[PDB]
2 protein chains.
Amino acid sequence: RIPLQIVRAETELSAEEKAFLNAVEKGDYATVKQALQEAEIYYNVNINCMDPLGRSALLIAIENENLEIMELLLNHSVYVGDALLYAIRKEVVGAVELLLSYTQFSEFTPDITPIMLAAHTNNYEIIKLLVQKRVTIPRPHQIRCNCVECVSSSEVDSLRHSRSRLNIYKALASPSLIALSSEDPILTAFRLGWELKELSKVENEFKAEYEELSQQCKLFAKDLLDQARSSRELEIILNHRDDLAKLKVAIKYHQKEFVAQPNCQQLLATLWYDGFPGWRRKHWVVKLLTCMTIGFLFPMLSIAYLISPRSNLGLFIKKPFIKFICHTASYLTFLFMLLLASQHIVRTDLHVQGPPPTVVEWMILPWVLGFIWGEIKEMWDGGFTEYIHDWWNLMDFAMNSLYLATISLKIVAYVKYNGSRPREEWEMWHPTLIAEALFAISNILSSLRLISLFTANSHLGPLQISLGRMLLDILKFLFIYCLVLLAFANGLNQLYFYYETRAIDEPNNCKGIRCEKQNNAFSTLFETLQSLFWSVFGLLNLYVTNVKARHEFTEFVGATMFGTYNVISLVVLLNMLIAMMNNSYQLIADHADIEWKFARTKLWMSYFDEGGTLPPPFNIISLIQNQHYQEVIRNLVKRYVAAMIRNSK
Amino acid sequence: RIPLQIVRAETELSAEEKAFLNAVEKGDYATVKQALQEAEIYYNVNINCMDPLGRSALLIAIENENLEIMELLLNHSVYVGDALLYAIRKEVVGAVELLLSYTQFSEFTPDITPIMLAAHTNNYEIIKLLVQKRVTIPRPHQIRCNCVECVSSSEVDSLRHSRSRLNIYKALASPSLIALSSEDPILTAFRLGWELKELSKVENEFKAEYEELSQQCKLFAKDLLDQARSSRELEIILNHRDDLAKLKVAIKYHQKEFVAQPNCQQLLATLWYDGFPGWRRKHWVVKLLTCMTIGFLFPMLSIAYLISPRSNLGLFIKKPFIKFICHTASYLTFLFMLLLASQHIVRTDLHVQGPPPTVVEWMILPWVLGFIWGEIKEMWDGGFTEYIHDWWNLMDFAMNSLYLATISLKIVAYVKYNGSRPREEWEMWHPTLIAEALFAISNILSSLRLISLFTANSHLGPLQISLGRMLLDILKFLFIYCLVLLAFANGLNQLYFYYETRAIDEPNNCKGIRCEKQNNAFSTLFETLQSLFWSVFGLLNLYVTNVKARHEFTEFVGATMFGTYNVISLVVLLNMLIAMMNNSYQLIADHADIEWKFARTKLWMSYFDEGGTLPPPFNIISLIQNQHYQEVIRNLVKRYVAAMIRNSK
Ligand SMILES: CC(C)CCC[C@@H](C)[C@H]1CC[C@H]2[C@@H]3CC=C4C[C@@H](OC(=O)CCC(=O)O)CC[C@]4(C)[C@H]3CC[C@]12C
Ligand SMILES: CC(C)CCC[C@@H](C)[C@H]1CC[C@H]2[C@@H]3CC=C4C[C@@H](OC(=O)CCC(=O)O)CC[C@]4(C)[C@H]3CC[C@]12C
Ligand SMILES: [Zn+2]
Ligand SMILES: [Zn+2]
């Protein structure tokens, strides 16, 4: 048998103490009145007695919402410590007011203050009561703060320090405590959500709590925006500076729900389709024809803007959608000429080392110069960190570097080589060959840059954003695959490097896995890596596991290494990657619409500014506002509070 | 510390004003009576005073369902603005009646009217009360309306215009406001749901709200159909014209739930199996034998219908299931003869240019003529837009165009060529070769047309419909893949076009990737696209990345471009496609049964009509009804209202 007994026994109350506690619990006003009146004369009764659960008379009265008994007890000088916290958590306005007018076990940590707990409960009435009487919440220090106080409190008590920080941020992130007591509720919500996300990053533990608080702040900002009832109010909100300055701040803080709000998107769309009042209600073929006509006239529109900016034809390209169409058309002609650079239209003799540029390359040159100039302008104005946050800008940097290297190598080969030596006799590192290879890589990057234009489309945009979001998990899995690849490459090279044979002995003087008869698949480490990479796609033939000497044990061990690699990468790793992509794609498709709308908002905003109006190659040739904003914010806060009371009930 | 203070302070009430408001909230009739009676004599009390939350005495009384206090306040001439809206939203019939008999903060936008809000709440009693007293809801203008009023209101206030439109459509889409006040609730639900879906398309923002309203209308129509209790009522509903006219209107408006309703499907099945009373209760082998017997007798049934339509054998094919079996059997014999056209049964000498048709082709000719005639009849009767909404009809158009081109090219080659020149010496664009290629493509399309017959099957039908629904997301992903393909094709062609070699230099006088030893994989852009497409399926060998001159840097850059393309398309893009297909297939399989039943209903309805009874090749040889419908609709509305009251409680 397992004996059962109260292992940690607590001192029980007297019969009269339990009578007093049962009296206050029951609600009999007269019984408690008599009990504490008698207690006053003697030392008989301890008015501050505790139930097993640690609740005294006052806490029991609060738990039953018994204002009369509470008033009596407070009149008879009951110990009141922590009673206000229980009243606030119970969310009884009457009890809170009664307590405001006037070491035991406690259900609240010692750092919890009345205003902090009220903010946690998010009760507008009680928070307003506690704020009307001047209260303060200590400022949480910066996340990466190395001051004496932070390190001292962390080393003395890390658990209590983290708990206090999280409680303070829960109090600040309360929508009610921001509706009150915050001068700019929208900006406060933005900055608080951003700071909470950064805390979630740094505080690896308690990550979920900070993420929840950040999401709470984002939702509060979006709901405040929801309460707008006219376009005047929405414009006042979005244009406030402490145009579209508030919207730009929202983009900076990644407030995706706020930006993708339907009315904000409607205003952005009206700004974006500036020249077309009825673009929303046009037919698909009409839209297609208008886009084609604007695109074909991009040289005309750009030249008109250059010659006379202040004219009917000149300022047509300043409209954001027209500007986008013109830039897209210019980039499309650039890609078309990149395609032409390979077709044999007035092509130079291929035996000329360091040839002069063709007409196609002479036409590509202004586009390349324009791209380089535009990218340096963008990184000069926006800064490096904002530039690198965009993977497309990183690809632009790589593409322009490759184009510049192509120009440099072409110039070097032109000034260094004069003759027409046959191409078969050129050195491996001939500058013309390297220039052509770099130009082809640049062509790949330039044509791949077109994917970023999917963001402007309603059908391809969400899909492109979802794939971009999947890329990071794909990259992590590729890292683990590369570790496996290095392992098997090391093993196979170690096994096979003895049997390396010269190219002369090979059937076509060809050594490697790129010959008609593959050979020396695992002779060198670099070639072994190439062989395993190509075996991923089944382009490596099995007979590469044989050697001339026909060492059957060595060949079988090599074939088994190759087969284990194939099972690991193609049967295990590839299907694990498929499963991860499925899970991540479900999670992404949950928020795909919001994410795509945020990306398309960024794309639209990039075309609102006057700078960069001309696409390549043509680009190388207060108090009243604050009062209005405060009035609108007051209306929004009132509507939000009413709506939250409606939803809570 | 972070100071906390009421940033946007509101003017607080007096002690006596707060006493009045607490009196009306408490419910003390005498206190409020005395308070406002005293207020009448002086200017002491403002009866229209506002709480912080913006609720006056009347709103507080409404919120507590206090009819006596409301009556008192209304008697003492309290300002009543917006009180009716709060009463309606609270959904208290007594308060609404009391208020009907008789700029502050408001929880409702200015455009909300009492009837509109009542429709939003969908409360049958309150809506009926407000409708009995004549009320109107402004007509929302057409979606693509360019009138002066629409553009003026949109440009003055777009947010308010969109809000008003959405509120009006929410009011109209109320099931209670359609049960009342709508002459044809089913047709009104159909048209309103269709219009709301179109609004969801056009109004890109607020898409979810319009989709929800459209789904609400569809559900209301389906529930009204659910309330039918006899086959007479169901037939009256489905046959009403303002046969199966109501069902045809439902098909037109894509009311899939209404069509796939069990009783409607049961009636359709009885109409469909006209000749077989017990087809539902027959065995699988009996069904198979009956289908085979009807199919083998299709020439007999068709000829009987031709010779004598009004006879026992003649009108057997008029039955929808018999007609379907006969058409399927005719198409199956057409496909069988298409197979025979390749088998060597009395085959013409292959060296004859422009030969006369074989017996197989002479038998195929009537089928092709019948298909062309049937398709032109279908597009003549139904119109082009209804024809193109069906992808199968588009494939039929392509197939018949290819067949007609085959006939034309055969005739041209017959009249132009007389000799028997050997086939090896024919020109590349010899009309006989083109005719044969077009005929083979037509054979592919004709045999693929059989997939559309899966809709008639209970097991293969849902699957085929699900795949068809997945095709569109597949197409979008193919678009992004084609962009990637063009990028890498541009790069690889740019790198490799210098090393293009003539066909004479190749081992078999064969140039391209279709030789035994592949070569010139990336010499031209077209060939580069072909090479990358075939490398998708692993049919491109690695040695095509080599060149004669063995420029090791160029060959390595080409192999790396090829490998990056392989990783992007096969490891990244293909698995992204798999993930998208999984997600879309889950979403589709949620509604697969309804979708398949709608498709099979369309298939069945296509065989109900007398026109097109004969398959190829044989096809080339009021007030009383309205009263009954209104009676049935009255019964359905009563049953639906009772059922909704039952479900709400
Ligand atoms: C698929 C193969 C043949 C390569 C084709 C390359 C280009 C001709 C395609 C690829 C991506 C396409 C772009 C994808 C995105 C858009 C957005 C599109 O705008 C919309 O979809 C909605 C209207 C709006 O932009 O406001 C305008 C066309 C454009 C630039 C497309 C123009 C044609 C592009 C450049
Ligand atoms: C699989 C290979 C051998 C190709 C076979 C081609 C045809 C012989 C098959 C392919 C699709 C089949 C059709 C798929 C759909 C149906 C529906 C089927 O009807 C039912 O399933 C339920 C009964 C009903 O139709 O009411 C009648 C047979 C039929 C025409 C099938 C007849 C035989 C078909 C034409
Ligand atoms: Zn600090
Ligand atoms: Zn209008």
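By Swiss-Prot numbering, chain B shows 17-118, 134-273, 286-664, 706-733, in order.
This entry, so its header tells us, was determined using electron microscopy, 2.5 Å.
Placed from the backbone N, Cα and C atoms, the Cβ positions cover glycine too.
Per Swiss-Prot, the feature Zn(2+) binding site maps to B:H172, B:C176, B:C178, B:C181; the stated evidence is experimental evidence. Within its own chain, B:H172 (Zn(2+) binding site) has B:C178, B:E180, B:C181 as residues 6 or more apart in sequence whose C-beta sits under 8 angstroms from its own.
Residues or ranges marked as Ca(2+) binding site in Swiss-Prot: B:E418, B:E421, B:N436, B:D439. In the three-state DSSP scheme, B:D439 (Ca(2+) binding site) falls into the helix class. All protein chains considered, the CB of B:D439 (Ca(2+) binding site) has 22 other CB atoms within 10 Å.
Within the same chain, residues at least six positions away from B:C558 (disulfide bond) with a Cβ under 8 Å of its Cβ are B:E549, B:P550, B:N551. Taken from Swiss-Prot, the feature disulfide bond applies to B:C553-B:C558.
Panel annotation: around the repeat 'ANK 1' (B:30-60), residues 67, 73, 76-77, 80, 82, 84-85, 88-89, 92 of the same chain, lying at least six beyond its termini, place a Cβ under 8 Å from a Cβ of the stretch. What Swiss-Prot lists as repeat 'ANK 1' is B:30-60.
Mapped onto DSSP classes, the repeat 'ANK 2' (B:69-97) shows 16 helix, 0 strand, 13 coil. Per Swiss-Prot, the feature repeat 'ANK 2' maps to B:69-97.
Swiss-Prot lists B:141-170 with the feature repeat 'ANK 4', giving experimental evidence as the kind of evidence.
Residues annotated as topological domain 'Cytoplasmic' in Swiss-Prot, with experimental evidence given as evidence: B:420-433 (among others). Across the range of the topological domain 'Cytoplasmic' (B:420-433), the DSSP-based residue counts are 11 helix, 0 strand, 3 coil.
Here Swiss-Prot flags B:498-512 (among others) as topological domain 'Cytoplasmic'.
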Counting every protein chain present, what is the number of Cβ atoms, excluding its own, within 10 Å of the Cβ of B:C553 (disulfide bond)?
14
Across all chains shown, how many C-beta atoms besides its own are within 10 angstroms of the C-beta of B:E421 (Ca(2+) binding site)?
18
State the three-class DSSP label for B:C181 (Zn(2+) binding site), counting H, G and I as helix, E and B as strand, and everything else as coil.
helix
Fewest other C-beta atoms within 10 angstroms of its own C-beta: which of the binding-site residues B:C176, B:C178, B:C181 fits that?
B:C178
Within 8 Å of the Cβ centroid of the Zn(2+) site residues B:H172, B:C176, B:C178, B:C181, which other residues of the same chain have their Cβ?
B:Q173, B:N177, B:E180, B:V182
Cα-Cα separation of B:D439 (Ca(2+) binding site) and B:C176 (Zn(2+) binding site), in Å?
37
Within 10 angstroms of the C-beta of B:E418 (Ca(2+) binding site), what count of other C-beta atoms is obtained when all protein chains are considered?
17
To see if you understand the setup: which same-chain residues, six or more apart in sequence, place their Cβ under 8 Å from that of B:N436 (Ca(2+) binding site)?
B:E418, B:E421, B:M422, B:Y430
So, in DSSP terms, is B:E418 (Ca(2+) binding site) helix, strand, or coil?
helix
Counts of helix, strand and coil residues, the topological domain 'Cytoplasmic' (B:498-512), according to DSSP:
12 helix, 0 strand, 3 coil
Apart from B:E418, B:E421, B:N436, B:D439, which residues in this chain have a Cβ no more than 8 Å from the mean position of the Cβ atoms of those residues at the Ca(2+) site?
B:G417, B:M422, B:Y430, B:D433, B:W435, B:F440, B:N443
Surrounding residues of the topological domain 'Cytoplasmic' (B:420-433) on its own chain - C-beta under 8 Å, 6+ positions past either end:
440, 654-655
With the Cβ atom as the reference point and anything under 6 Å counting, tell me which of the recorded positions (B:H172, B:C176, B:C178, B:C181, B:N436, B:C558) are near ligand 4.
B:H172, B:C176, B:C178, B:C181
